[PDB]
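Quick notes on the structure that follows.
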Amino acid sequence: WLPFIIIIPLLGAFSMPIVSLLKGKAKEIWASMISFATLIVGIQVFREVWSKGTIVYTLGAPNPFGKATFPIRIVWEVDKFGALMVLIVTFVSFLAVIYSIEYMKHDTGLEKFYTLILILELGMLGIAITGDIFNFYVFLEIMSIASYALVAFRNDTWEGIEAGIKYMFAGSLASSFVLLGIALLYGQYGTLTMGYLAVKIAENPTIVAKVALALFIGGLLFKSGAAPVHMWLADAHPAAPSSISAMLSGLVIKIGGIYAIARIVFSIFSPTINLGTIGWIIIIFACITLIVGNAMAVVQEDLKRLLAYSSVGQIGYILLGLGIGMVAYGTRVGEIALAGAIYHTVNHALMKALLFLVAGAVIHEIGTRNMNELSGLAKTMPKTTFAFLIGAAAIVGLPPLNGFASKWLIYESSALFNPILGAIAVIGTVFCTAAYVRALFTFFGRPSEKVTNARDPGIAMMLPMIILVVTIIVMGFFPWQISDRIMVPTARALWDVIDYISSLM
Amino acid sequence: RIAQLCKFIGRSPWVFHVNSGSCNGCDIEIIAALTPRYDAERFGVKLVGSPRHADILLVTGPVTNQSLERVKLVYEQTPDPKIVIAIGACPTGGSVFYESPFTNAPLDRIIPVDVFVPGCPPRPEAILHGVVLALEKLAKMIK
Amino acid sequence: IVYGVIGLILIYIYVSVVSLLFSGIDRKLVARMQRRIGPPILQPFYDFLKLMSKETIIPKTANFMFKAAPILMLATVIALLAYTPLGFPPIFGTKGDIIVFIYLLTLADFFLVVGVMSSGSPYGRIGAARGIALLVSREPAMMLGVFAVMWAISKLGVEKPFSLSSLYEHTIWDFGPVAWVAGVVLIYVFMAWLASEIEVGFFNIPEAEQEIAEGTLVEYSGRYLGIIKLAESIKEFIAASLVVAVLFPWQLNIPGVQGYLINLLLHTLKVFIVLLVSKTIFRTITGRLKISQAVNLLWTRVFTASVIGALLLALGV
Amino acid sequence: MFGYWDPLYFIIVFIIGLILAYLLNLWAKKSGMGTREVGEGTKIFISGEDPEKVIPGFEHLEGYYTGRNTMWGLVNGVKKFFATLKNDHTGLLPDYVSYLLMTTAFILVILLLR
Ligand code: SF4
């Protein structure tokens, strides 16, 4: 029941140019249906993996073994942590496809748009589902190419082809360090997989095995908001249609950039090297990212650039938790932080999608990126501003919402670990409170002369807001039930390497 | 239209006086009717700072031409049941300023006054007598 | 669970009776201190009813928060009553429940500032940026004192640490000779916090002074004003109940189903004695100060004494 | 942190507080007069919407949420911090490329030794 997450998006993507000859509005209603079926298949594969097992799969023979004693075919391994990424990427994608019917309809050539937005959520499943080391490179490349082609889409604007060039010419260099790592890691060991390579890596360590890790992690740190290399995101967010930035601040940062580091450190490169070195290497970038990302997220004057610099400062929490979760191996202290850095990914994806769709509606209605001229927007656009108020209260964490219990874990972990990093976190969470309180006081004021003639959006631009707000409220009634049934057993099966390489055999 | 729960404002009035061009003779009597010798807080009066709160306006001075819309502007913002007490011999037709091109006299032709208190300036017991008389009118008006 | 609703209704009715009566006794004492008869004792129970009587006015430039912030203020005060020490250990007191107290005592003032600032004319805009500077400036001074005393009463043994039900087990006054100095430094910082939270004395800045006497609440007019003048009095009772809980809880044992109310009366009497010094005397004896001088006093002569007290009390254990 | 079912009681007491506080307005709207809608703000009553005798209002305020100075020795260091960090982000492509190159070299040099 698990080939049907790759079959249905390929069948939607390769069949879109022959159903656009109906020249009406079938070119959208086919895309919405073919994106809706993937949600059903994602729920069922989530239920099947949480019932029992760590299921492997083999393309070809019923076993990954011929007349030999080592793998031949391409194998899939979807242990408990990939299932959450499969379950959360097939949800915001649906809520962002049914969104853009009324937005992005003044523009031309939206036959290529829907097939690109269906490729996006195709090259992002296969990173989660896979257990081969070269297949990872193709599925990291699909996502990057179509994300280059969705940023520079409005080609006639002054700076839509200015963000695209900046993202292109650096991403196409960072995505070749990975291919040099694979070329340099083939010729020394000889097999091309992720389970059986951790066996062969153990007997003969080489300088190749560390060279092919250094630039390997230095490449995957570009597809994130890591601290020296975070500048492409800051101008890729204002120069985008708002249905794209909701599926680029929430998802593509935390599939190609965090999940990959977690998988290729905790499973391949960890019977041999000290984890204590990679921990202190990661944790320095986690501490530069907080200050650099949330310090200049308070000097702004733009609206979407604010959210771009606020979505690079939440990555520092995830890197800090995932970094502390390595220098301490199996204990109580460094186990509740790896559990505290999984729950924050799913919460950050939900609230940042909710917080970009509302900025899309505001910027579509009156048309000015500046946040200083518009004030009293809640006089003549109330429901939009209330959605912004909930989405702003959920980031910093107020205890009736779900952003509280996702961050108390990182607080108590970093406080029981060392008392300096807790002070770093408290500085980093004072500055974001200052930014959102300031932008909140600009919206409850006197109605300025540029606002007074305005209305609300329709229904199909208002229906995702309801589902997101209901989800992140009812998800907040039960925080400590969902943090012991799901996301402690999730994080215990990340350093459980012996069962991984034993269920492959 | 005055419905029922307004007997209590006869036991707690709040005032706010509107100067329009006086010569500061009666404003002393508004202020000195609250010092410890002529004390008035034991009835419940309390000089408040905005016309949203108050319910007895306390207009002094002859209505000077420049202050003619202000008096008609601060009359809407006081809420319901409210009275107007005119203090002195210059809301009642000017005193020495009845023949100017600048002072349109009696304050009745601008807003509906209820109780006048003559004198120049009235002693502070006469102001207490005036507010007691107007308040018993509005107690009669309830029933 | 249903026995936790009966308390939350009945204690609310009790406190809403008592607090306004304390305010009336306070106005009578302040009036007698300067040769005056003064108003009768139950004077706020008339002012409340006449403010509910009148006609409410909504300005033409007003949001949906103008009509809905004086509901959320009273709501997060009534919901805060269930966590406060009334003399007996509170109803919903678990292992956390200090940060819930600090959070909900901060959050009501932010609802007040958002309700004032969400209107038209910019008297409210200047009367709100003066509010939140004084809000930020007065809450690192109490966090150090309360966290130091809650950490220090947990060494000698308790089962619900960092909880306000743990503050009746063992107090400050039995740690030996060095704690007697931290006692008076801590009496200093808590009396200063209690005077600056209910905002009377030096710190009468954002209430009856917007450039002369306009105030922050220059705009609320009818029912809404009555609700705000009720909520601030309940908060007046709550903060002083915290101050008498931390400093000296000396209650009777008296087992039975009626020792609760005897301890409740004894706590009410201690609340009265603590208000009588601070609010009455410090209001009669000293005028306003400023805003640029009210900030550099809470970071220099109050927050410094909290560090001295916490460090000296740490060197006692 | 607190309890196991304890974040569910918070909602119960909060909703019963809103029910009491909304029931009080539901009572007090009936007894007493209604409402109306005026606009001048009751704020310096001389003018509401006028043009010119001298200069007047409509000089609206931006986001200035600071009117205080602690020890007046911290604002200079904060501004000297934000100035360099503000003009670091130039926007030239060799900055991007040089940053990821020195990051790769830094991780390599640390991983060779220990
Ligand atoms: S009423 Fe008489 S005493 Fe009063 S201001 Fe006018 S002239 Fe002066």
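Identifiers in the structure tokens: chain A, B, ... in order shown; residue index from 1 per chain; ligand index from 1 in order shown.
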
Checklist entry - Once you count only C-alpha atoms and all ligand atoms, which residues end up within 10 Å of ligand 1, and could you hand them over as a VMD selection string? => result chain B and resid 19 to 29 60 to 62 86 to 97 117 to 122

Test item: residues at most 12 Å from range 179-188 of chain C, only C-alpha atoms, excluding those fewer than 4 positions along its chain, as a PDB file with N, CA, C and O atoms, in the first residue's frame:
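Wrote it out as result.pdb, contents follow:
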ATOM      1  N   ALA C 141      12.075  42.874  39.098  1.00  0.00           N
ATOM      2  CA  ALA C 141      12.355  43.128  40.501  1.00  0.00           C
ATOM      3  C   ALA C 141      11.687  42.134  41.430  1.00  0.00           C
ATOM      4  O   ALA C 141      12.182  41.904  42.534  1.00  0.00           O
ATOM      5  N   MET C 142      10.573  41.550  41.009  1.00  0.00           N
ATOM      6  CA  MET C 142       9.847  40.585  41.816  1.00  0.00           C
ATOM      7  C   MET C 142      10.208  39.150  41.472  1.00  0.00           C
ATOM      8  O   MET C 142      10.131  38.274  42.344  1.00  0.00           O
ATOM      9  N   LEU C 144      13.213  37.874  40.827  1.00  0.00           N
ATOM     10  CA  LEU C 144      14.382  37.432  41.583  1.00  0.00           C
ATOM     11  C   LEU C 144      14.036  37.129  43.031  1.00  0.00           C
ATOM     12  O   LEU C 144      14.468  36.107  43.571  1.00  0.00           O
ATOM     13  N   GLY C 145      13.248  37.997  43.667  1.00  0.00           N
ATOM     14  CA  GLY C 145      12.893  37.776  45.060  1.00  0.00           C
ATOM     15  C   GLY C 145      12.049  36.533  45.251  1.00  0.00           C
ATOM     16  O   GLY C 145      12.334  35.704  46.122  1.00  0.00           O
ATOM     17  N   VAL C 146      11.048  36.350  44.392  1.00  0.00           N
ATOM     18  CA  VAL C 146      10.157  35.213  44.557  1.00  0.00           C
ATOM     19  C   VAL C 146      10.852  33.917  44.155  1.00  0.00           C
ATOM     20  O   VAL C 146      10.708  32.902  44.837  1.00  0.00           O
ATOM     21  N   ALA C 148      14.103  33.348  44.406  1.00  0.00           N
ATOM     22  CA  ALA C 148      15.073  33.037  45.447  1.00  0.00           C
ATOM     23  C   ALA C 148      14.400  32.465  46.688  1.00  0.00           C
ATOM     24  O   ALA C 148      14.898  31.494  47.266  1.00  0.00           O
ATOM     25  N   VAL C 149      13.252  33.016  47.093  1.00  0.00           N
ATOM     26  CA  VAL C 149      12.615  32.464  48.285  1.00  0.00           C
ATOM     27  C   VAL C 149      11.980  31.105  47.988  1.00  0.00           C
ATOM     28  O   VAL C 149      12.031  30.202  48.834  1.00  0.00           O
ATOM     29  N   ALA C 152      14.795  28.668  48.084  1.00  0.00           N
ATOM     30  CA  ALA C 152      15.379  28.480  49.397  1.00  0.00           C
ATOM     31  C   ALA C 152      14.455  27.784  50.374  1.00  0.00           C
ATOM     32  O   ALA C 152      14.938  27.255  51.375  1.00  0.00           O
ATOM     33  N   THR C 171       9.111  28.874  56.383  1.00  0.00           N
ATOM     34  CA  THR C 171       9.267  30.244  55.935  1.00  0.00           C
ATOM     35  C   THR C 171      10.732  30.670  55.941  1.00  0.00           C
ATOM     36  O   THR C 171      11.640  29.866  56.148  1.00  0.00           O
ATOM     37  N   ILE C 172      10.966  31.958  55.694  1.00  0.00           N
ATOM     38  CA  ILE C 172      12.298  32.540  55.797  1.00  0.00           C
ATOM     39  C   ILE C 172      12.812  32.606  57.229  1.00  0.00           C
ATOM     40  O   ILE C 172      14.007  32.377  57.464  1.00  0.00           O
ATOM     41  N   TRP C 173      11.934  32.778  58.207  1.00  0.00           N
ATOM     42  CA  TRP C 173      12.328  33.243  59.525  1.00  0.00           C
ATOM     43  C   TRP C 173      12.894  32.144  60.414  1.00  0.00           C
ATOM     44  O   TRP C 173      12.874  32.290  61.639  1.00  0.00           O
ATOM     45  N   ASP C 174      13.373  31.046  59.843  1.00  0.00           N
ATOM     46  CA  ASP C 174      14.037  30.008  60.620  1.00  0.00           C
ATOM     47  C   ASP C 174      15.251  29.464  59.872  1.00  0.00           C
ATOM     48  O   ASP C 174      15.431  28.256  59.730  1.00  0.00           O
ATOM     49  N   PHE C 175      16.092  30.361  59.364  1.00  0.00           N
ATOM     50  CA  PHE C 175      17.367  29.978  58.775  1.00  0.00           C
ATOM     51  C   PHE C 175      18.565  30.477  59.558  1.00  0.00           C
ATOM     52  O   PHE C 175      19.699  30.255  59.129  1.00  0.00           O
ATOM     53  N   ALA C 192       8.085  48.095  47.843  1.00  0.00           N
ATOM     54  CA  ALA C 192       8.241  48.916  46.644  1.00  0.00           C
ATOM     55  C   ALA C 192       7.492  48.327  45.451  1.00  0.00           C
ATOM     56  O   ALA C 192       6.849  49.069  44.695  1.00  0.00           O
ATOM     57  N   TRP C 193       7.540  46.999  45.275  1.00  0.00           N
ATOM     58  CA  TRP C 193       6.781  46.387  44.187  1.00  0.00           C
ATOM     59  C   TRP C 193       5.281  46.546  44.388  1.00  0.00           C
ATOM     60  O   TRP C 193       4.548  46.792  43.423  1.00  0.00           O
ATOM     61  N   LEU C 194       4.804  46.419  45.626  1.00  0.00           N
ATOM     62  CA  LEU C 194       3.371  46.523  45.864  1.00  0.00           C
ATOM     63  C   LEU C 194       2.876  47.941  45.657  1.00  0.00           C
ATOM     64  O   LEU C 194       1.729  48.137  45.249  1.00  0.00           O
ATOM     65  N   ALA C 195       3.717  48.939  45.925  1.00  0.00           N
ATOM     66  CA  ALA C 195       3.306  50.309  45.644  1.00  0.00           C
ATOM     67  C   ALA C 195       3.352  50.613  44.156  1.00  0.00           C
ATOM     68  O   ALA C 195       2.562  51.422  43.666  1.00  0.00           O
ATOM     69  N   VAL C 243       1.832  39.345  48.630  1.00  0.00           N
ATOM     70  CA  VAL C 243       2.846  39.948  49.495  1.00  0.00           C
ATOM     71  C   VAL C 243       2.736  39.421  50.924  1.00  0.00           C
ATOM     72  O   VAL C 243       3.746  39.088  51.549  1.00  0.00           O
ATOM     73  N   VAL C 244       1.516  39.276  51.453  1.00  0.00           N
ATOM     74  CA  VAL C 244       1.410  38.672  52.785  1.00  0.00           C
ATOM     75  C   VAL C 244       1.591  37.169  52.777  1.00  0.00           C
ATOM     76  O   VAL C 244       1.756  36.581  53.847  1.00  0.00           O
ATOM     77  N   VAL C 246       4.113  35.588  50.977  1.00  0.00           N
ATOM     78  CA  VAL C 246       5.547  35.300  50.956  1.00  0.00           C
ATOM     79  C   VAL C 246       6.200  35.709  52.270  1.00  0.00           C
ATOM     80  O   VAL C 246       7.038  34.981  52.815  1.00  0.00           O
ATOM     81  N   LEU C 247       5.784  36.842  52.831  1.00  0.00           N
ATOM     82  CA  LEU C 247       6.541  37.459  53.914  1.00  0.00           C
ATOM     83  C   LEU C 247       6.328  36.746  55.243  1.00  0.00           C
ATOM     84  O   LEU C 247       7.284  36.245  55.841  1.00  0.00           O
ATOM     85  N   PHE C 248       5.096  36.692  55.740  1.00  0.00           N
ATOM     86  CA  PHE C 248       4.819  36.050  57.029  1.00  0.00           C
ATOM     87  C   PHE C 248       3.466  35.350  57.091  1.00  0.00           C
ATOM     88  O   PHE C 248       2.453  35.931  57.490  1.00  0.00           O
ATOM     89  N   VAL C 274      -1.617  45.338  55.785  1.00  0.00           N
ATOM     90  CA  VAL C 274      -0.559  45.653  54.823  1.00  0.00           C
ATOM     91  C   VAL C 274      -0.962  46.784  53.875  1.00  0.00           C
ATOM     92  O   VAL C 274      -0.129  47.640  53.552  1.00  0.00           O
ATOM     93  N   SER C 278       0.947  51.093  53.148  1.00  0.00           N
ATOM     94  CA  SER C 278       1.394  51.389  51.790  1.00  0.00           C
ATOM     95  C   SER C 278       0.494  52.380  51.073  1.00  0.00           C
ATOM     96  O   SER C 278       0.890  53.538  50.890  1.00  0.00           O
ATOM     97  N   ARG C 301      17.564  51.597  42.554  1.00  0.00           N
ATOM     98  CA  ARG C 301      17.383  51.494  43.995  1.00  0.00           C
ATOM     99  C   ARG C 301      16.376  50.431  44.412  1.00  0.00           C
ATOM    100  O   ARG C 301      16.010  50.376  45.590  1.00  0.00           O
ATOM    101  N   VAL C 302      15.901  49.601  43.493  1.00  0.00           N
ATOM    102  CA  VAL C 302      15.010  48.506  43.856  1.00  0.00           C
ATOM    103  C   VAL C 302      15.587  47.196  43.352  1.00  0.00           C
ATOM    104  O   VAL C 302      15.743  46.241  44.118  1.00  0.00           O
ATOM    105  N   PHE C 303      15.914  47.149  42.058  1.00  0.00           N
ATOM    106  CA  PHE C 303      16.494  45.949  41.464  1.00  0.00           C
ATOM    107  C   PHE C 303      17.876  45.641  42.022  1.00  0.00           C
ATOM    108  O   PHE C 303      18.287  44.477  42.043  1.00  0.00           O
ATOM    109  N   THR C 304      18.599  46.656  42.485  1.00  0.00           N
ATOM    110  CA  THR C 304      19.895  46.411  43.100  1.00  0.00           C
ATOM    111  C   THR C 304      19.737  45.733  44.454  1.00  0.00           C
ATOM    112  O   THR C 304      20.453  44.770  44.769  1.00  0.00           O
ATOM    113  N   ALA C 305      18.783  46.211  45.256  1.00  0.00           N
ATOM    114  CA  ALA C 305      18.515  45.618  46.557  1.00  0.00           C
ATOM    115  C   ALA C 305      17.998  44.196  46.453  1.00  0.00           C
ATOM    116  O   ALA C 305      18.245  43.401  47.361  1.00  0.00           O
ATOM    117  N   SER C 306      17.330  43.841  45.355  1.00  0.00           N
ATOM    118  CA  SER C 306      16.923  42.455  45.162  1.00  0.00           C
ATOM    119  C   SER C 306      18.126  41.545  44.960  1.00  0.00           C
ATOM    120  O   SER C 306      18.153  40.425  45.478  1.00  0.00           O
ATOM    121  N   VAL C 307      19.142  42.022  44.235  1.00  0.00           N
ATOM    122  CA  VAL C 307      20.355  41.238  44.031  1.00  0.00           C
ATOM    123  C   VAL C 307      21.125  41.091  45.336  1.00  0.00           C
ATOM    124  O   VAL C 307      21.612  39.999  45.657  1.00  0.00           O
ATOM    125  N   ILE C 308      21.209  42.172  46.122  1.00  0.00           N
ATOM    126  CA  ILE C 308      21.867  42.106  47.430  1.00  0.00           C
ATOM    127  C   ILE C 308      21.149  41.126  48.351  1.00  0.00           C
ATOM    128  O   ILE C 308      21.786  40.290  49.007  1.00  0.00           O
ATOM    129  N   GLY C 309      19.815  41.169  48.364  1.00  0.00           N
ATOM    130  CA  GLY C 309      19.057  40.272  49.219  1.00  0.00           C
ATOM    131  C   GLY C 309      19.154  38.822  48.796  1.00  0.00           C
ATOM    132  O   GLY C 309      19.314  37.937  49.638  1.00  0.00           O
ATOM    133  N   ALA C 310      19.104  38.564  47.487  1.00  0.00           N
ATOM    134  CA  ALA C 310      19.174  37.190  47.001  1.00  0.00           C
ATOM    135  C   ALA C 310      20.557  36.593  47.211  1.00  0.00           C
ATOM    136  O   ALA C 310      20.680  35.427  47.595  1.00  0.00           O
ATOM    137  N   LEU C 311      21.608  37.390  47.010  1.00  0.00           N
ATOM    138  CA  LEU C 311      22.965  36.893  47.201  1.00  0.00           C
ATOM    139  C   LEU C 311      23.258  36.646  48.680  1.00  0.00           C
ATOM    140  O   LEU C 311      23.834  35.610  49.044  1.00  0.00           O
ATOM    141  N   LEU C 312      22.833  37.566  49.551  1.00  0.00           N
ATOM    142  CA  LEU C 312      23.028  37.391  50.983  1.00  0.00           C
ATOM    143  C   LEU C 312      22.206  36.237  51.540  1.00  0.00           C
ATOM    144  O   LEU C 312      22.651  35.552  52.465  1.00  0.00           O
ATOM    145  N   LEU C 313      21.026  35.981  50.985  1.00  0.00           N
ATOM    146  CA  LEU C 313      20.251  34.841  51.447  1.00  0.00           C
ATOM    147  C   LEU C 313      20.763  33.535  50.850  1.00  0.00           C
ATOM    148  O   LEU C 313      20.557  32.471  51.442  1.00  0.00           O
ATOM    149  N   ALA C 314      21.433  33.590  49.695  1.00  0.00           N
ATOM    150  CA  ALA C 314      22.112  32.405  49.183  1.00  0.00           C
ATOM    151  C   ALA C 314      23.317  32.044  50.036  1.00  0.00           C
ATOM    152  O   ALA C 314      23.634  30.861  50.184  1.00  0.00           O
ATOM    153  N   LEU C 315      23.983  33.040  50.623  1.00  0.00           N
ATOM    154  CA  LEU C 315      25.070  32.777  51.566  1.00  0.00           C
ATOM    155  C   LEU C 315      24.590  32.476  52.969  1.00  0.00           C
ATOM    156  O   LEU C 315      25.354  32.667  53.918  1.00  0.00           O
ATOM    157  N   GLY C 316      23.354  32.031  53.131  1.00  0.00           N
ATOM    158  CA  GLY C 316      22.882  31.572  54.416  1.00  0.00           C
ATOM    159  C   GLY C 316      22.596  30.092  54.383  1.00  0.00           C
ATOM    160  O   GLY C 316      22.471  29.447  55.427  1.00  0.00           O
ATOM    161  N   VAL C 317      22.497  29.540  53.181  1.00  0.00           N
ATOM    162  CA  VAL C 317      22.259  28.118  53.018  1.00  0.00           C
ATOM    163  C   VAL C 317      23.388  27.494  52.210  1.00  0.00           C
ATOM    164  O   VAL C 317      24.549  27.873  52.348  1.00  0.00           O
TER     165      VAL C 317
END

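If you take only C-alpha atoms and a cut-off of 8 Å, the residues of chain B that reach chain D are residues 1, 2, 3, 4, 5, 50, 51, 52, 69, 70, 73, 74, 76, 77 and 80 of chain B.
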
Item to check | Residue contacts of residue 178 in chain A (7 Å, only C-alpha atoms) excluding same-chain residues fewer than 3 positions away, as a count of residues only | outcome: 5

Checklist entry - Using only C-alpha atoms, which chain A residues lie at most 7 Å away from chain D, written as a list in words? => result residues 166, 170, 214, 215, 218, 228, 229, 277, 296, 372, 438, 442, 477 and 480 of chain A

Could you turn the residues from that selection into a file that holds C-alpha atoms, as a PDB file, in the first residue's frame?
ATOM      1  CA  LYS A 166      21.139  34.765  -6.277  1.00  0.00           C
ATOM      2  CA  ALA A 170      24.896  29.441  -5.088  1.00  0.00           C
ATOM      3  CA  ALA A 214      33.063  17.530   6.108  1.00  0.00           C
ATOM      4  CA  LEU A 215      31.947  18.987   2.798  1.00  0.00           C
ATOM      5  CA  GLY A 218      28.821  21.817   4.576  1.00  0.00           C
ATOM      6  CA  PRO A 228      26.803  32.367   7.699  1.00  0.00           C
ATOM      7  CA  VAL A 229      24.849  31.129   4.665  1.00  0.00           C
ATOM      8  CA  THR A 277      32.886  16.320  18.014  1.00  0.00           C
ATOM      9  CA  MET A 296      18.009  42.148  12.686  1.00  0.00           C
ATOM     10  CA  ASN A 372       4.469  51.902   8.467  1.00  0.00           C
ATOM     11  CA  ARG A 438       5.961  46.263  17.649  1.00  0.00           C
ATOM     12  CA  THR A 442       1.222  49.143  14.152  1.00  0.00           C
ATOM     13  CA  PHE A 477      -5.289  21.224  24.672  1.00  0.00           C
ATOM     14  CA  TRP A 480       1.806  16.367  27.368  1.00  0.00           C
TER      15      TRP A 480
END

Hey, which bits of chain C sit within 9 Å of chain A, and for each residue what's the closest pair of atoms and how far apart in Å (one decimal), counting only C-alpha atoms, rows by chain and increasing number, as a Markdown table?
| residue | atom | partner | partner_atom | distance |
| --- | --- | --- | --- | --- |
| C:61 | CA | A:446 | CA | 6.7 |
| C:62 | CA | A:379 | CA | 6.8 |
| C:63 | CA | A:379 | CA | 5.1 |
| C:64 | CA | A:379 | CA | 7.6 |
| C:65 | CA | A:444 | CA | 8.8 |
| C:100 | CA | A:399 | CA | 8.3 |
| C:103 | CA | A:398 | CA | 8.9 |
| C:114 | CA | A:444 | CA | 8.2 |
| C:117 | CA | A:445 | CA | 7.1 |
| C:118 | CA | A:444 | CA | 5.3 |
| C:119 | CA | A:445 | CA | 6.5 |
| C:120 | CA | A:446 | CA | 5.1 |
| C:121 | CA | A:446 | CA | 7.3 |
| C:122 | CA | A:446 | CA | 8.4 |
| C:125 | CA | A:445 | CA | 8.3 |

Take the residues that were just selected and, keeping C-alpha atoms, output them as a PDB file, in the first residue's frame.
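Written out: result-v3.pdb:
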ATOM      1  CA  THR C  61     -12.876  54.974  14.727  1.00  0.00           C
ATOM      2  CA  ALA C  62     -12.895  51.923  16.984  1.00  0.00           C
ATOM      3  CA  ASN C  63     -11.907  48.302  16.447  1.00  0.00           C
ATOM      4  CA  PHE C  64     -13.417  45.065  17.720  1.00  0.00           C
ATOM      5  CA  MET C  65     -11.040  45.284  20.697  1.00  0.00           C
ATOM      6  CA  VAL C 100       1.172  30.682  35.581  1.00  0.00           C
ATOM      7  CA  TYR C 103       2.135  35.198  33.451  1.00  0.00           C
ATOM      8  CA  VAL C 114      -4.252  47.116  24.020  1.00  0.00           C
ATOM      9  CA  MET C 117      -4.545  52.079  22.413  1.00  0.00           C
ATOM     10  CA  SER C 118      -7.147  50.507  20.083  1.00  0.00           C
ATOM     11  CA  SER C 119      -9.133  53.680  19.607  1.00  0.00           C
ATOM     12  CA  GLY C 120      -8.879  56.865  17.604  1.00  0.00           C
ATOM     13  CA  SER C 121      -7.264  60.105  18.879  1.00  0.00           C
ATOM     14  CA  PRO C 122      -3.596  59.977  19.921  1.00  0.00           C
ATOM     15  CA  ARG C 125      -1.324  56.474  21.905  1.00  0.00           C
TER      16      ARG C 125
END

Checklist entry - If we count only C-alpha atoms, which residues of chain C reach to within 6 Å of chain B? Please list them as a ChimeraX atom specification. => result /C:36,38-39,50,54-55,214,221

Item to check | range 130-139 of chain C surroundings by only C-alpha atoms, 9 Å radius, close-in-sequence under 4 positions cut, as a list in words | outcome: residues 106, 109, 110, 113, 125, 126, 143, 193, 196, 197, 205, 206, 216, 291, 294, 295, 296, 298, 299 and 303 of chain C; 65, 66, 67 and 68 of chain D

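Every chain C residue lying within 6 Å of chain D, based on only C-alpha atoms, is listed here: residues 53, 55, 56, 57, 58, 59, 60, 75, 78, 79, 95, 96, 121, 129, 292 and 296 of chain C.
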
Restrict the selected residues to N, CA and C atoms and save them as a tab-separated table (two decimals), in the first residue's frame.
chain	number	residue	atom	x	y	z
C	53	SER	N	-25.39	52.43	35.01
C	53	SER	CA	-26.68	52.99	34.62
C	53	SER	C	-26.66	53.66	33.25
C	55	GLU	N	-25.33	55.65	29.47
C	55	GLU	CA	-25.32	55.33	28.05
C	55	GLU	C	-23.89	55.24	27.56
C	56	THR	N	-23.52	54.08	27.03
C	56	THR	CA	-22.16	53.86	26.55
C	56	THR	C	-21.97	54.48	25.18
C	57	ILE	N	-20.80	55.09	24.96
C	57	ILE	CA	-20.49	55.76	23.71
C	57	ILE	C	-19.34	55.03	23.03
C	58	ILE	N	-19.53	54.67	21.77
C	58	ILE	CA	-18.50	54.07	20.93
C	58	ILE	C	-18.04	55.12	19.93
C	59	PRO	N	-16.74	55.39	19.82
C	59	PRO	CA	-16.28	56.32	18.79
C	59	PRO	C	-16.39	55.73	17.40
C	60	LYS	N	-16.28	56.61	16.41
C	60	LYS	CA	-16.48	56.18	15.03
C	60	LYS	C	-15.27	55.43	14.51
C	75	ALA	N	-11.90	38.71	32.85
C	75	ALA	CA	-11.82	37.26	32.73
C	75	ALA	C	-10.50	36.71	33.23
C	78	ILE	N	-10.67	36.93	37.17
C	78	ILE	CA	-11.48	35.87	37.77
C	78	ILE	C	-10.81	34.51	37.62
C	79	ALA	N	-10.15	34.27	36.48
C	79	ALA	CA	-9.40	33.03	36.32
C	79	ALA	C	-8.11	33.03	37.12
C	95	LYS	N	2.66	21.25	40.79
C	95	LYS	CA	4.11	21.42	40.88
C	95	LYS	C	4.61	22.65	40.12
C	96	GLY	N	3.89	23.07	39.09
C	96	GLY	CA	4.27	24.27	38.39
C	96	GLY	C	3.68	25.46	39.11
C	121	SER	N	-8.08	58.96	18.48
C	121	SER	CA	-7.26	60.10	18.88
C	121	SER	C	-6.00	59.75	19.64
C	129	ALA	N	2.22	54.06	25.40
C	129	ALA	CA	3.66	53.85	25.39
C	129	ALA	C	4.30	54.26	26.70
C	292	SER	N	10.48	59.61	33.23
C	292	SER	CA	11.89	59.38	32.95
C	292	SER	C	12.65	59.24	34.25
C	296	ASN	N	14.43	55.13	35.94
C	296	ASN	CA	15.77	54.95	36.48
C	296	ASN	C	15.81	54.81	37.99

Checklist entry - What lies within 8 Å of residue 407 in chain A using only C-alpha atoms, ignoring chain neighbours under 4 positions off, as number ranges by chain? => result A: 340, 344, 397, 403, 411

Checklist entry - Distance CA of residue 149 in chain A-CA of residue 465 in chain A, one decimal place? => result 27.1 Å

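CA of residue 48 in chain C sits 23.7 Å away from CA of residue 75 in chain B.
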